[PDB]
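Structure first, commentary second.
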Amino acid sequence: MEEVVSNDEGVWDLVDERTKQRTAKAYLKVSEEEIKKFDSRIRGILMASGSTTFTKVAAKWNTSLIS
Amino acid sequence: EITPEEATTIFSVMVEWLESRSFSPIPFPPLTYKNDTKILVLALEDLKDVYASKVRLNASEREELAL
Amino acid sequence: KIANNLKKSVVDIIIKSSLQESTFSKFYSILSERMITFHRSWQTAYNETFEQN
Amino acid sequence: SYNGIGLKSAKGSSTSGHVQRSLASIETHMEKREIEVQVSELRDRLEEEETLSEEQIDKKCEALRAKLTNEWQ
RNA sequence: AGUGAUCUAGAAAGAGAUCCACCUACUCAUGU
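Chains as they are written, first to last, in our numbering: chain G, 1 to 67; chain Z, 101 to 167; chain C, 201 to 253; chain L, 301 to 373.
So this is what it looks like as structure tokens:
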């Protein structure tokens, strides 16, 4: 890297286990397959809720959101 | 689709690995196996993990819960 | 758009809310770095709050 | 999308689309040149004052060159 | 020394097996 910039929460500080120094930054993103799987999961939450109570729709949203 | 020579090389490298690691084979579980009821209660807690929260039970799920 | 008469208190809320959590997260660092790079008064506020702490 | 930042449409994202800006962001050579200059000057002089014939000017120029050479070792 | 960038929005009839995380937990010998 040209300029060492402190970055977002989604980066990882890769400490070298030899010299105990942060020597690399692993940047994280969520893979597109898992994003499409989460979209399909929220779509399944909508679709299985034909005639379902509102609290159970909220609990399904909380379950998939926490997951 | 597997040729016999491929199958013999597969079996040869598996014998080579499992003898390079000095791997003793897994025995059949005896009549008086030591950890046996703990393996059984693990394999049944694995099965009741499906049936702890659900309400709608068909013939097969009710039958295996009785098992 | 907080004036100078509350910026030290805002930095103290940022400190005392970073310390609520179980472990240290980078969120408060990224926050404080952008706050320092915005204006000189926030940098003087972080000087005064490190000395205060 | 003002400045190419915003959405294609507010419809579709189900957001407000309220995009707001972030407040967080050599010596020998020289000698030679001199000699050349001198020669040029001589030529000019000749042109100015009685040197329609070439032999004269050429002669004088040659002499000048020789002198220059003598001067520089 | 910082402005500024703000979708939605409801009526009729019809439909529809739901299937899953928000409370901690262990120390007497009356004698000889």
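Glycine residues also receive a C-beta, built at the ideal position from the N, C-alpha and C atoms.
| Item | Value |
| --- | --- |
| Three-pair Cβ contact test at 8 Å for the region 323-338 of chain L versus the region 301-308 of chain L | no |
| C-beta neighbour in chain C for G:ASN62, strict 9 Å | no |
| G:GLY44 to L:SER316 span [Cα, whole Å] | 26 Å |
| Own chain partners of Z:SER124 with C-beta closer than 8 Å, once the 5 adjacent residues on each side are dropped | none |
| Minimum Cβ-Cβ distance from G:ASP16 to chain C less than 9 Å | no |
| Start-to-end residues for the alpha helix (DSSP H) that takes in L:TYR302 | First-last for L:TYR302: undefined, no H or E at that position. |
| Any C-beta of chain G under 9 Å from that of C:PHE238 | no |
| Per-residue contacts from C:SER225 into chain G (C-beta, under 8 Å) | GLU9 |
| Beta-carbon separation (whole angstroms), L:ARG343 vs L:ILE326, contact threshold 8 Å | L:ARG343 to L:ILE326, Cβ: 25 Å. No contact. |
| Proximity to G:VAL11 [Cα-Cα], best of G:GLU2, G:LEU46 and G:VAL30 | G:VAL30 |
| Chain G within 9 Å of C:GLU233, Cβ atoms only | yes |
| The region 323-334 of chain L: positions lying closer than 7 Å to chain C by Cβ | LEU323 and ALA324 |
| L:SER325 versus G:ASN7 - alpha carbon distance | 13 Å |
| Contact set between C:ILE230 and chain G, taken where Cβ atoms lie within less than 8 Å | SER6, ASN7, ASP8 and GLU9 |
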